[PDB]
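Participant: Here it is, the structure in full.
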Amino acid sequence: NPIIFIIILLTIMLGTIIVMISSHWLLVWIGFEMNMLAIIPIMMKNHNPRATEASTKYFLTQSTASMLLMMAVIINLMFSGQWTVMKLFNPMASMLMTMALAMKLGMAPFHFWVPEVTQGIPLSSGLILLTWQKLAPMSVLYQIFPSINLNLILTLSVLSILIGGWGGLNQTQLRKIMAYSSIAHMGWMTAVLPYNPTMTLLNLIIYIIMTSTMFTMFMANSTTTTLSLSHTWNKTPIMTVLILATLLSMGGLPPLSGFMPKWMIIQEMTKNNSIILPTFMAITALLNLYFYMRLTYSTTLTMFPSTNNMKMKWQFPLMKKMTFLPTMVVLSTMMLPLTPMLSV
Amino acid sequence: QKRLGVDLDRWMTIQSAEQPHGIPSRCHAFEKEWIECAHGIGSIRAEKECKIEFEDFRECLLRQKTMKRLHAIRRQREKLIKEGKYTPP
Amino acid sequence: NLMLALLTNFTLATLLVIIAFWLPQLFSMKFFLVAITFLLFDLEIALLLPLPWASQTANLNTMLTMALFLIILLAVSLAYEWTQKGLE
Amino acid sequence: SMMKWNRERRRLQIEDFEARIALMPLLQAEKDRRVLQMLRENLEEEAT
Amino acid sequence: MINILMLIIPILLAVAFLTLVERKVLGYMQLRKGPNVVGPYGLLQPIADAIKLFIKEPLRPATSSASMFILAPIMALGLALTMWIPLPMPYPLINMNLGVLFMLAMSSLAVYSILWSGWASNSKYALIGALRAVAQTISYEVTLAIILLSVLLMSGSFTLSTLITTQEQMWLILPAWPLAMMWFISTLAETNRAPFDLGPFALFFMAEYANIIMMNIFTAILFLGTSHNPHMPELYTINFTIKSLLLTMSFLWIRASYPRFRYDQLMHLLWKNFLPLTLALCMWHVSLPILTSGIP
Amino acid sequence: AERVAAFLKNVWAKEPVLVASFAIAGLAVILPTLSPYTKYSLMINXXXXXXXXXXXXXXXXXXXXXXXXXXXXXXXXXXX
Amino acid sequence: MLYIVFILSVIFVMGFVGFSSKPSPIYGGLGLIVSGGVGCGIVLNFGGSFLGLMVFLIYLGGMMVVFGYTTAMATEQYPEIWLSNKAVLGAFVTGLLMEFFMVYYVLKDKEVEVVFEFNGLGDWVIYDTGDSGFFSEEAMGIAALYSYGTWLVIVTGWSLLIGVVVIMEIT
Amino acid sequence: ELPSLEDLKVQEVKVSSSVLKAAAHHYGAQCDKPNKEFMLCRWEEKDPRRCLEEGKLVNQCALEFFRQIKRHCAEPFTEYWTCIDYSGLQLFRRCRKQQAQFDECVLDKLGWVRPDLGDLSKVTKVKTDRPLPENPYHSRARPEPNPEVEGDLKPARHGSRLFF
Amino acid sequence: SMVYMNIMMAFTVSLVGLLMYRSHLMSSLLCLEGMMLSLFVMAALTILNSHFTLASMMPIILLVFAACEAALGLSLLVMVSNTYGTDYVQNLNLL
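Going down the list, the sequences are from chains B, C, A, H, E, D, L, X and P. When you number the first sequence by the numbering used here, it's gap-free, plus one each residue, and the end is 346. When you number the second sequence by the numbering used here, it's gap-free, plus one each residue, and the end is 94. When you number the third sequence by the numbering used here, it's gap-free, plus one each residue, and the end is 111. When you number the fourth sequence by the numbering used here, it's gap-free, plus one each residue, and the end is 203. When you number the fifth sequence by the numbering used here, it's gap-free, plus one each residue, and the end is 857. When you number the sixth sequence by the numbering used here, it's gap-free, plus one each residue, and the end is 79. When you number the seventh sequence by the numbering used here, it's gap-free, plus one each residue, and the end is 188. When you number the eighth sequence by the numbering used here, it's gap-free, plus one each residue, and the end is 253. When you number the ninth sequence by the numbering used here, it's gap-free, plus one each residue, and the end is 97.
Structure representation (structure tokens):
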């Protein structure tokens with residue numbers, strides 16, 4: 003595909019800009035549906051039966067998500083009648099606002115599409131456009147941080163790490179593990195929103211970079227654990243060392259800068275007399291680490307995936323941000339712990 | 006807003022703003038109180054200082070307080086059936 | 024009344040159907056693209072509807088730059104359609 | 156030929172809107188009625 | 562309210578007497594003669610066709626799918642007669658807030674009449690043949706919307722009564738000179754047989770012939786009019802009947818003279834030939850009331 | 000000429016309706032900026048009062064008088 | 018007789034009963050003709066003739082017409098009768114009993130609801146407006162404008178450029 | 090709420106027809122001051138409860154204008170009025186010939202005055218009645234906002250985080 | 003209050019109608035049209051009663067984006083009928 007693929011990709015970039023730079027309620031409504039028209043062609047790409055099934059499952063869940071969001075916009079005319087994105091002014095519209103944004107994100111009750119959508123994506127270039135897409139509903143949630151009830155956000159954040167922590171244990175597909183770490187990390191996202199809206203934006207920065215480092219290192223084609231197994235000996239051994247720095251960082255480990263969200267999310271919550279919730283956060287986070295525990299053994303060990311066919315010609319992929327971003331993803335906890343102020 | 010629109014105008018969002026020609030809002034006078042009450046951050050986080058001016062503004066759009074009142078008159082008008090009822094028009 | 028004008032037309036239309044029945048005694052996916060183009064052009068026409076309706080009061084220097092712009096992209100969409108459209 | 160007729164319509168339309176501006180007892184008829192209707196409503200409230 | 566009944570029964574007579582004029586004008590265009598054995602000059606045949614087709618002629622059901630086949634004539638005959646309501650014949654029957662919006666909508670809702678009849682038959686060859694006929698009706702309504710929006714942009718609002726006032730001395734044929742040619746072709750959309758051709762058979766084309774008169778009168782207001790004269794409504798109506806019927810003969814002219822376009826090439830007439838021309842005129846008609854002052 | 004004379008007469012021979020699609024739409028953009036006649040249309044458009052007039056309380060003010068015919072205010076008299 | 022909007026609103030929900038029920042896409046397609054056409058009348062009663070006729074031009078003059086094509090493309094020929102279908106009639110009978118049983122409580126004006134809002138009279142306060150304006154008024158006399166909302170014109174144009182390009186790449 | 094009394098509305102009103110008033114826009118030129126006094130009252134004070142005595146002067150002056158037409162040139166005025174009702178909704182077209190018969194009769198009197206431009210917002214300097222600032226709707230002044238911190242910020246602690 | 007007790011009820015009925023299935027995938031997209039139709043009426047009543055004048059353009063824009071989804075999602079439905087015989091919810095491959 004020539005220029006038209008870049009134009010479609012630029013309209014997702016432009017689509018989230020309408021969401022970011024906004025004041026009107028129908029303006030963000032357009033911004034969400036600008037993405038809906040633009041992700042689907044990249045979802046298809048290679049003319050697959052899996053791609054047709056994934057896109058239809060992606061659309062029918064996210065089209066209903068937007069129409070539930072528009073109901074919250076119309077109730078904002080029923081009561082008050084002000085079309086400025088600041089507060090919902092309703093105990094009813096706030097319910098239909100948070101649950102609609104939960105549909106677009108990987109939050110607890112509306113998570114079922116996430117693993118099956120990720121499987122149907124043809125290439126690693128399309129796999130980024132779900133992790134980057136989650137910036138759009140998060141940007142609205144930052145704007146309407148008050149007037150939203152704790153009983154139907156924090157319950158959806160706690161359950162998502164529970165179902166995320168058990169949702170990747172019986173899975174071997176590399177796309178499916180990344181799809182359930184998405185559900186796992188979204189619980190750490192929305193838990194901060196009541197206890198200071200700050201650090202939610204920084205949690206995005208850590209997550210989006212760390213997820214993009216994975217798929218750019220998955221440019222050497224691998225879909226399963228057994229296909230990423232034949233990489234230690236048949237392919238380059240230095241590549242297994244750099245993926246190890248990204249696998250272990252996604253779980254809660256302090257020498258790596260993937261502990262930098264788990265630094266402040268617990269810290270800000272403990273300030274507001276809540277200890278029983280951050281305990282439940284950190285223990286369930288070990289189940290998220292446990293996926294990468296068995297996935298590190300694919301790279302650290304021999305595991306016998308030799309294969310008679312040996313590659314002599316050197317691999318030439320895109321690798322656009324595959325060098326600059328993992329250096330920041332591995333070490334930033336010693337570099338910038340004062341970056342909380344710089345981001346938000 | 007996550008990112009502000011500086012040196013550019015794309016608002017026209019709030020009620021009782023710049024009219025298309027000169028056409029007024031149905032609740033124009035009530036927001037002349039509401040916007041003037043809550044232009045600062047004092048009654049934005051607490052929302053207690055402008056409670057008097059919000060209840061009358063909520064009454065403008067819904068008309069629920071008049072709806073309960075007019076129903077009470079209509080029920081008592083129906084109570085006058087086979088009693089001391091009079092109709093001037 | 025508008026309802027009085029509508030119902031009288033429909034009731035006499037159904038009355039002719041009563042005369043018509045009671046009185047006697049004895050695949051191809053290419054055509055889908057047409058419907059796609061039609062529906063997408065309707066909305067651009069729907070946005071170009073208030074032209075002899077809003078131009079009476081509003082400023083002309085602001086409108087003309089935007090009014091032509093909708094018809095331009097309505098032709099730019101057709102410019103993309105020209106490069107391999109179909110046999111139909 | 157069309158634009159010369161449109162400018163003739165401009166002379167008519169300004170005269171049409173002038174009749175709207177000139178009439179203010181038309182606006183007075185509204186506010187006189189609103190007081191009289193409310194007084195009948197108040198008498199209905201006193202009776203019921 | 563007797564006026565509605567005075568716009569159904571004499572209107573259905575005009576549809577009935579159309580079959581004679583379609584046979585007589587096309588007849589004289591083909592050197593043959595019209596009906597003569599029936600009456601004095603064959604004038605007793607439209608009532609003779611009504612007794613033949615309705616009373617004794619039965620219907621052998623192909624499948625009869627419960628709700629449909631009986632629902633499709635309601636969408637055909639009913640929607641064709643509702644189009645007569647907002648027409649600015651001196652003083653119209655309950656004048657609409659917006660005239661042409663009701664005119665364009667009920668014509669675009671008339672597409673269902675051929676759609677539901679496609680569902681009425683169980684056979685696949687009927688519905689594929691039906692959708693091909695829908696494809697012609699669906700496409701030319703885009704041009705029907707564009708040409709209307711460029712004619713009104715010259716003068717008048719959506720009200721049909723204001724379209725009479727603009728044609729006080731000059732017709733809208735001359736300022737909209739390429740659009741006058743364009744609108745005449747785009748009116749051949751509702752299975753007019755001149756560009757391309759696909760309950761009982763009788764009442765189904767009674768709605769289709771009614772739409773031909775409907776477009777003939779719609780051309781006689783948007784492009785014709787001459788004057789209004791509020792003092793005498795008679796002088797307008799006599800003059801209107803001549804203007805409308807001269808355009809009615811022209812629809813019997815294109816059908817007589819010209820063969821079928823080939824369905825594909827008829828779809829190549831639109832998008833490739835018509836739509837680049839109409840949108841360029843639509844661009845041109847935006848600039849005209851701004852270039853020279855004329856925004857009523 | 001390399002394409003001015005070459006790629007114009009070919010367009011007249013091969014699909015001349017495409018000439019009309021660029022020329023008439025082209026004149027629709029260029030001519031409104033060039034013509035010194037667009038200024039008159041904006042003047043009457045603002046002059047036409049759809050809403051009711053409002054009276055302002057004057058305390059030492061110029062270019063304002065009574066509702067009767069007097070040399071005051073805007074009141075456009077462009078070509079009668 | 019006295020009510021105008023409330024009688025039409027019942028027929029509006031009655032159309033949606035055929036959407037909660039699944040009586041095959043053909044009979045469900047007839048729902049958008051019934052509920053859509055009546056849906057115009059609900060908009061038209063409060064005013065704004067332009068906005069009421071938008072459903073006639075787009076939903077009834079495009080949307081369901083294109084949806085008429087796809088019913089012929091997939092799941093075509095014959096629609097199965099809803100009387101013979103199991104649970105489809107069960108969803109239909111439970112759907113109407115959520116509305117028709119409620120109307121009996123709306124009688125005598127006020128009614129109890131799941132939400133805090135009551136029914137009311139809906140006859141004198143049905144219009145909710147006095148005189149308001151005069152010439153080119155009724156809120157939707159000058160409804161849509163290219164002026165002031167210049168930004169919204171561009172973004173709508175962007176999405177309609179996307180639509181033509183994207184569907185071509187899908188098929 | 091406290092509305093006006095039952096005997097507050099002025100007697101002798103709405104005697105003229107809807108189009109009979111629309112036939113003569115000379116009412117905009119002669120008897121214009123009392124109309125402008127009521128107009129200025131409404132924009133200053135939005136309530137009809139206060140500006141009703143000014144409206145009594147409007148209804149009184151309106152009858153004074155129409156009685157002059159009742160006394161003199163009744164024949165060309167009624168002929169113009171029958172012409173204005175005979176037409177549909179044009180209201181000014183197809184009646185210009187009988188508009189020539191009008192004004193010509195009125196030219197003998199001082200009543201004839203026709204503007205060929207419009208009103209274009211006329212100012213009333215003679216108006217006093219009541220002062221404009223008197224709080225039209227406002228009851229509370231609204232509590233004072235957060236005080237703006239004046240002065241340049243200085244680094245003192247240098248990061249109040251866990252380290253450095 | 004009066005009308006809003008029906009059009010909100012019609013929205014909740016269509017909300018059930020989307021998520022309930024009898025194997026037909028065409029009926030879900032048909033209900034998505036109804037969902038936007040119910041959102042159209044609910045927005046129209048709020049803007050027309052409280053004379054906004056500016057907000058009247060917003061449901062017209064909403065009508066455009068109603069048809070944006072209810073065509074591009076409809077085009078994907080055709081692609082299911084290209085790969086498989088007839089469109090069914092039961093006919094799936096993803097795990």
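Even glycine gets a Cβ: it sits at the ideal position worked out from N, Cα and C.
Could you compute how far the alpha carbon of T167 (chain L) sits from the alpha carbon of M89 (chain A)?
Facilitator: 7 Å
Participant: Under a three-way DSSP split, which group does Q20 (chain C) fall into?
Facilitator: It is coil, neither helix nor strand.
Participant: What residues in its chain sit with their C-beta under 7 Å from that of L785 (chain E), if we drop five residues either side in the sequence?
Facilitator: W732, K804
Participant: DSSP on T853 (chain E), reduced to helix/strand/coil?
Facilitator: coil
Participant: Of all the CB atoms in chain A, is at least one closer than 7 Å to the CB of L26 (chain D)?
Facilitator: The beta carbon of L26 (chain D) does not come within 7 Å of any beta carbon belonging to chain A, so the residue lies off that interface.
Participant: Taking 8 Å as the cut-off, does the stretch 109-124 of chain B touch the stretch 199-216 of chain B (at least 3 CB pairs, one atom from each stretch)?
Facilitator: no
Participant: Please classify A671 (chain E) as buried or exposed, where buried requires at least 16 other C-beta atoms within 10 Å of its C-beta.
Facilitator: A671 (chain E) is classed as buried because its beta carbon has at least 16 other beta carbons within 10 Å across all chains shown.
Participant: Between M650 (chain E) and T723 (chain E), what straight-line distance do the alpha-carbon atoms span, to the nearest angstrom?
Facilitator: When rounded, the distance between both Cα atoms is 12 Å.
Participant: Whole angstroms is fine: what's the gap from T63 (chain B)'s alpha carbon to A69 (chain P)'s?
Facilitator: 17 Å
Participant: Please return the same chain residues whose Cβ sits closer than 8 Å to the Cβ of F42 (chain P), not counting the five positions on each side in sequence.
Facilitator: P61, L64, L65, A68
Participant: Have a look at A637 (chain E) and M157 (chain H) and give me their C-alpha separation to the nearest angstrom.
Facilitator: 39 Å
Participant: Rounded to whole angstroms, what's the CA-CA distance from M15 (chain B) to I8 (chain B)? Just pull it up for me.
Facilitator: 10 Å
Participant: From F147 (chain B) to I19 (chain C), what distance separates their C-alpha atoms?
Facilitator: 20 Å
Participant: The alpha helix (DSSP H) with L138 (chain L) in it runs from where to where?
Facilitator: No alpha helix (DSSP H) contains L138 (chain L), which DSSP labels as neither H nor E.
Participant: Shortest alpha-carbon distance to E36 (chain C) belongs to which of C:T92, C:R82, C:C65?
Facilitator: C:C65
Participant: Are the CB atoms of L28 (chain B) and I211 (chain B) nearer to each other than 7 Å?
Facilitator: It is not a contact, given that the beta carbons lie outside the stated cut-off.
Participant: Can you give me the C-alpha to C-alpha distance between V582 (chain E) and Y589 (chain E), rounded to a whole angstrom?
Facilitator: 10 Å
Participant: Are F719 (chain E) and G660 (chain E) closer than 7 Å when you measure CB to CB?
Facilitator: yes
Participant: Listing by chain order, which chain X residues have their CB less than 9 Å from the CB of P263 (chain B)?
Facilitator: Near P263 (chain B) there are no residues of chain X at all, since even the closest Cβ is about 15 Å away, more than 9 Å.
Participant: Just the chain C side, please: which residues come within less than 8 Å of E200 (chain H) by C-beta, in chain order?
Facilitator: Within 8 Å Cβ-Cβ: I78.
Participant: Does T226 (chain B) come out as helix, strand or coil in the three-state DSSP assignment?
Facilitator: strand
Participant: How would you list, in chain order, the residues of chain D whose beta-carbon sits under 8 Å from the beta-carbon of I856 (chain E)?
Facilitator: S40, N44
Participant: Which residue wins for smallest C-alpha separation from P92 (chain X), given the options X:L141, X:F166, X:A230, X:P225?
Facilitator: X:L141
Participant: Is there a Cβ of chain L sitting closer than 7 Å to that of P25 (chain C), yes or no?
Facilitator: Interface residue, yes.
Participant: Taking DSSP as the reference, what is the three-state secondary structure of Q175 (chain B)?
Facilitator: Here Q175 (chain B) sits in strand by DSSP.
Participant: State the Cα-Cα distance for the pair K53 (chain C) and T133 (chain B), rounded to the nearest angstrom.
Facilitator: 40 Å
Participant: Contact criterion: CB-CB distance below 7 Å. Does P791 (chain E) meet it with respect to chain X?
Facilitator: yes
Participant: Please classify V582 (chain E): does DSSP put it in a helix, a strand, or coil?
Facilitator: Under the three-state reduction of DSSP output, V582 (chain E) falls in the helix class.
Participant: Does the stretch 108-128 of chain X come close enough to the stretch 163-182 of chain X to have 3 or more Cβ pairs within less than 8 Å?
Facilitator: With a cut-off of 8 Å, the stretch 163-182 of chain X and the stretch 108-128 of chain X count as touching, because enough Cβ pairs lie within range.
Participant: Residues in the stretch 186-199 of chain H with C-beta within 8 Å of chain X's C-beta atoms, listed in sequence order?
Facilitator: For the stretch 186-199 of chain H, residues whose beta-carbon sits nearer than 8 Å to a beta-carbon of chain X comprise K186, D187, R189, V190, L191, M193, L194, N197.
Participant: For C162 (chain X), which of helix, strand or coil comes out of DSSP?
Facilitator: Coil.
Participant: What is the DSSP secondary structure of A575 (chain E), counted as helix, strand or coil?
Facilitator: helix
Participant: Since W105 (chain A) is in the alpha helix (DSSP H), which residue starts that stretch and which ends it?
Facilitator: Segment 83-105, the alpha helix (DSSP H) holding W105 (chain A).
Participant: According to the neighbour-count rule (16 or more other Cβ atoms, all chains shown, within 10 Å of its Cβ), is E104 (chain A) buried or exposed?
Facilitator: Burial call: buried.
Participant: Assuming the contact rule is C-beta atoms closer than 8 Å, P794 (chain E) and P47 (chain A) should be a hit. Round their C-beta distance to whole Å, please.
Facilitator: Incorrect: roughly 43 Å between the Cβ atoms, too far for contact.
Participant: Counting only Cβ pairs nearer than 9 Å, list the residues of chain D close to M743 (chain E).
Facilitator: For the C-beta of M743 (chain E), not a single chain D residue is nearer than 9 Å; the gap to the nearest is close to 12 Å.
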